[PDB]
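# Results of the structural survey
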Amino acid sequence: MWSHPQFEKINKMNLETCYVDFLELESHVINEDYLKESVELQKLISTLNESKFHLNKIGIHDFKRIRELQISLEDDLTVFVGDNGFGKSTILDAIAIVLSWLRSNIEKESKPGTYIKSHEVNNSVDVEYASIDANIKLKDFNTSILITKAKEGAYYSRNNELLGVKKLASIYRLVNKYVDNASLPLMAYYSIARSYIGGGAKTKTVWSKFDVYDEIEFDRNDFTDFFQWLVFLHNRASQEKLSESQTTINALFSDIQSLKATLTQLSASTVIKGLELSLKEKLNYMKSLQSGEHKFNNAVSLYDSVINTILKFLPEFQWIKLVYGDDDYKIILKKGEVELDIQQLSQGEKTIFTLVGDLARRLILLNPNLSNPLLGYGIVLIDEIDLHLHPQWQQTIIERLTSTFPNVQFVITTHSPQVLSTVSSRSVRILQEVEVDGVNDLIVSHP
DNA sequence: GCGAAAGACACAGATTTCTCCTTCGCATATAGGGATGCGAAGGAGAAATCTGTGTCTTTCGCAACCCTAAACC
RNA sequence: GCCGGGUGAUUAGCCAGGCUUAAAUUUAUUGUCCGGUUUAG
Ligand SMILES: Nc1ncnc2c1ncn2[C@@H]1O[C@H](COP(=O)(O)OP(=O)(O)OP(=O)(O)O)[C@@H](O)[C@H]1O
């Protein structure tokens, strides 16, 4: 996060070196026109784009029930299996704790995050403090972070390590400063308290990508904003459906009708030539513009993408519609041959509706430049995936989650043997309780 | 080890709104009188949301340094 | 078998292309003007 006389050493191509070369070039040139076209910025952007977010390893010492262990996480999927009271939620809490400081530093530097509560330290007599360590590896680049808290009543101090995460956050802020539509990583957490929001604002107008960074946890009001966001998309599509798109539509149907008329009357060149020429010319002219750059128009495509994505997980339904009533809007489904309502669904269908809708909203908001926003990077944590699901749905949820979002790392903890029948052996970790050296401890043995 | 300037953590309490609780007023299907059932407002008393204050965490461009080359702390 | 590490030797030489060898899931070369170590004047 500073400028240097560009120490040389051996030659390499690390992202850090490109970061410091751009900073060195910054202190000389003042005009922004040269800066926006310099080859150093192109090198930095190209290097940053091909890197894939990935948490490498984690270690927990003397936190809650866990005394000491180290875990290695896969880059696409990992599942923790155990019984009650075996510290399944402890690991997810530790990961969210270390991920909050990175979340905080992106919005503004030197901003605090989340600490350790005084009741989370172990209750043993011989303990003195608790610590958490982590590591993030983007391509060659490696960063580390340590969070620690001393037991209340002690007279010896311990502090945190925060140089790596501040250095990493500075790169993201610098890139965002010179790129119009730079993307950001995704971090989310679905705790066990998501069943309360199962169908239980001064005219919000401006939408930005920094509103999804308010919190790392999905809770309470996020459902309400989803509804407000969805109707905004619908109105945007309606505006695109009208105006000049209707003019070419007016020609096209008439040309088709004229061709149909030419087909009739015993085929009357002449009429056929005129109809064919007019149809070809109008269609070619309309298609040439293609609303600027085809998929660049978004509008209708995004709304259909989110609707079809939601309908992917509920095969028993037909369509979902938004209807304006006398004084409020409604969401109408159709199951079988009867129209339903969002408040007349079962608990299980509501859970899937909220989970998928929130995930799609976050992915769409954080990647405004990608043609298909559902291919972004990030990490998602889910606890007790088998809530309010019958065994038929328990065996196919996992492969669908990884099928729809193929570039997101997943961490999942489960409770039942139904899901274990559909997971590879390389991404299964089993917790156990054994006594070593006269002291009880927890181990993970399934590499 | 830690300047100034903003957040996190823990504990109160206050307040508007909603919801439970009398009191009687129709009503209507059984020829008037009596009975079971439900609708209408006051008047509670409960509960989610917000706001207040007091205790610590991070970590400075911090009177006061040498001018030959490489590595480590 | 695959991959990831070691490096003597070659090349208008921090390229490039050749020949060897090593293994539980298991390194990512760091602080000067002080300190001791190497060289030189
Ligand atoms: N401070 C503590 N000292 C000792 N043990 C603790 C402490 N805090 C929690 N525990 C232990 O944690 C155990 C439960 O841990 P945890 O909630 O992580 O497990 P889980 O049942 O797998 O999780 P979940 O049901 O929330 O998904 C309890 O049995 C308790 O003994």
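Residues numbered from 1 in each chain as written, not as in the entry; some residues may be left out. Chains lettered and ligands numbered in written order. Part of a larger assembly, values for the part shown. Heavy atoms only, no water. Residues with missing side-chain atoms left out of burial classes, pairs and counts.

Method of determination, as given in the entry header: cryo-EM; reported resolution: 2.99 Å.

### A short note on the packing of aromatic side chains
Threshold: Two aromatic rings from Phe, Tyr or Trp, using only the six-membered ring of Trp, form a pair when their centres are within 6.5 Å; if the ring planes differ by under 30 degrees the pair is stacked, by over 60 it is edge-to-face, and anything between is tilted. Under the DSSP-based scheme used, a helix requires at least four consecutive residues in state H or I and a strand at least two consecutive residues in state E, with every element numbered from the N terminus. By definition here, charges over rings are those cases where NZ of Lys or CZ of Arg is within 6 Å of the ring centre and within 35 degrees of the ring normal.
Between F22 and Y178, the aromatic rings sit 5.8 Å apart at their centres with planes inclined by 75°, giving edge-to-face as the arrangement. Of this pair, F22 sits in helix α1 (residues 15-26) while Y178 sits in helix α5 (residues 163-178), and the two are 156 residues apart along the sequence. When the centroid spacing of 5.7 Å and the interplanar angle of 80° are considered together, the rings of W101 and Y115 count as edge-to-face. One end of the pair, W101, is in helix α4 (residues 88-107); the other, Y115, is in the loop between α4 and β4 (129-138), with 14 residues separating them in the sequence. An aromatic cluster is present here, built from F227, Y324 and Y329 joined pairwise through their rings. Over the face of the ring belonging to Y129 we find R158, whose NZ or CZ atom lies 4.4 Å from the ring centre. Lying over the aromatic face of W319, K321 brings its terminal NZ or CZ to 3.2 Å of the ring centre.

### Regarding the pairing of strand β9 (residues 338-341)
Applicable threshold: When DSSP finds two or more bridges between a pair of strands, those strands are recorded as paired.
Relative to β9, strand β8 (residues 329-335) runs antiparallel, the two sharing four bridges. Residue pairing across strands places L333 opposite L340, the latter belonging to β9. Hairpin connection from β8 to β9: two residues lie between these consecutive antiparallel strands, with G336 at a positive phi of about 75°.

### Details of the environment of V127
Where we set the bar: The contact criterion used throughout is that any non-hydrogen atoms of two residues lie within 4.5 Å.
With respect to the helices and strands, the residue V127 is situated in the loop between α4 and β4. Separated by 60 residues in the primary sequence, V127 and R67 have C-alpha atoms spaced 9.6 Å apart. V127 has contacts with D62, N122 and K151, leaving out every residue within four places of it along the chain.

### A look at the sheet that holds strand β10 (residues 378-383)
Short version of the rule: Where helices are involved, their axes are fitted lines through C-alpha atoms of the stretch in contact, as for all axes, and angles between N-to-C directions lie from 0 to 180°.
Overall, mixed pairing links the six strands, which are arranged β6-β10-β11-β3-β12-β13 in an open sheet. Strand pairing shows two members of the sheet lacking a second neighbour, β6 (186-190) and β13 (439-444), which therefore form its edges. Averaged over all neighbouring strand pairs, the angle between strand axes comes to 15°, with direction disregarded. Here β6 pairs with β10 via five bridges, running parallel. Within β10, the residue paired with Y190 across the bridge is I382. Lying over the sheet, α4 contacts β3 (77-81), β6, β10, β11 (408-414) and β12 (428-436), oriented at roughly 150° with respect to β10. Lying over the sheet, helix α10 (residues 347-366) contacts β6 and β10, oriented at roughly 165° with respect to β6.

### Topic: the pattern of salt bridges
Under the convention used in this document: Basic side-chain nitrogens of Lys or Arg form a salt bridge, by our definition, when they fall within 4 Å of a carboxyl oxygen of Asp or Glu.
Two residues, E107 and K111, come together in a salt bridge whose shortest N-O distance is 2.7 Å. A salt bridge links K335 to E349; its shortest N-O distance comes to 3.9 Å. In this pair, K335 sits in strand β8 while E349 sits in helix α10, placing the two residues 14 residues apart along the sequence. In the salt-bridge network here, residues are joined through shared partners; they are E74, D76 and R426.

### Points about the UniProt feature "binding site: ATP 3" (unreviewed entry) in chain A
What counts, and what does not: UniProt positions are given in the numbering used here, feature names are shortened, and annotations may be inferred rather than shown by experiment.
Feature annotation in UniProt assigns "binding site: ATP 3" (unreviewed entry) to the following positions: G85, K88, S89, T90, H119, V121, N123, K335 and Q344. Locating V121 in the fold gives a position in the loop between α4 and β4. The residue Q344 is located in the loop between β9 and α10 in this model.

### With respect to the pairing of β8
Looking along a regular strand, one sees the side chains alternate between the two faces of the sheet. One ladder, built from four bridges, connects strand β7 (residues 321-324) with β8; its direction is antiparallel. Following the sheet pairing, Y324 is matched in β8 by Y329. Adjacent in sequence and paired antiparallel, β7 and β8 are bridged by four residues.

### Things to note about the packing of α4 against α5
Convention followed: The cut-offs work like this: below 35 degrees is roughly parallel, past 145 is roughly antiparallel, 65 to 115 is roughly perpendicular, and the gaps in between are oblique. By the definition used in this description, the sense in which the near helix is turned from the far one sets the handedness, with an anticlockwise turn below a right angle giving left-handed and a clockwise turn giving right-handed.
In contact at an axis separation of 9 Å, α4 and α5 are set at 40° when each is read in the N-to-C sense. Taken together, the axes of α4 and α5 are oblique relative to one another. Two packed elements cross with a definite hand, and for α4 against α5 that hand is right-handed. Every residue of α5 that contacts α4 at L102, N105 and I106 is listed here: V165, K166, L168, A169 and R173.

### Quick look at the UniProt feature "binding site: ATP 4" (unreviewed entry) in chain A
Taking the numbering used here, the UniProt-annotated feature "binding site: ATP 4" (unreviewed entry) corresponds to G85, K88, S89, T90, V121, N123, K335 and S346. Mapped onto the secondary structure, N123 falls in the loop between α4 and β4. Ignoring any residue separated from it by four or fewer positions in sequence, one finds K335 in contact with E316, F317, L340 and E349.

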